[PDB]
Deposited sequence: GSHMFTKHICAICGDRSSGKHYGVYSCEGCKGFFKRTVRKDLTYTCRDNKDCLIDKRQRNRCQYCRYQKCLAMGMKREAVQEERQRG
């Protein structure tokens, strides 16, 4: 699948268990690494609006099956 399951943008392969784009991959990574927590509870997450709501973007990452445990230690 070459469509990001989260935002619908063109996809880069599987990442953390989900067909996703580099943006959603990088966003999920940073969210898990820094243990970040956001505040919005169901905004639209597509390509153009993906950055508009960090809370909803991260919730959808999880809802599409992204695995926190797949984010490794910073090297």
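In this entry, the deposited residues absent from the coordinate set span 1 to 6, 47 to 49, 85 to 87.
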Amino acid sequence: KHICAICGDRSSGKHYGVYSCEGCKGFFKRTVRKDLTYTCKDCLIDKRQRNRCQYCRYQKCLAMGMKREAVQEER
From here on, numbers count along this sequence of modelled residues.
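C-alpha atoms forming the largest set that superposes within 1.5 Å between two forms make up the rigid core.
Taking the rigid core as the alignment reference, the C-alpha atoms of 63 to 71 lie farther on average from the displayed form in 7 other deposited structures of this protein than those of the other stretch among 63 to 71 and 16 to 24.
The deposited model assigns a higher average Cα B-factor to 48 to 56 than to the other stretch when 11 to 19 and 48 to 56 are compared.
Per the deposited record, the Cα B-factor of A63 falls in the highest third when ranked against the other modelled residues of its chain.
Per the deposited record, the Cα B-factor of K41 falls in the highest third when ranked against the other modelled residues of its chain.
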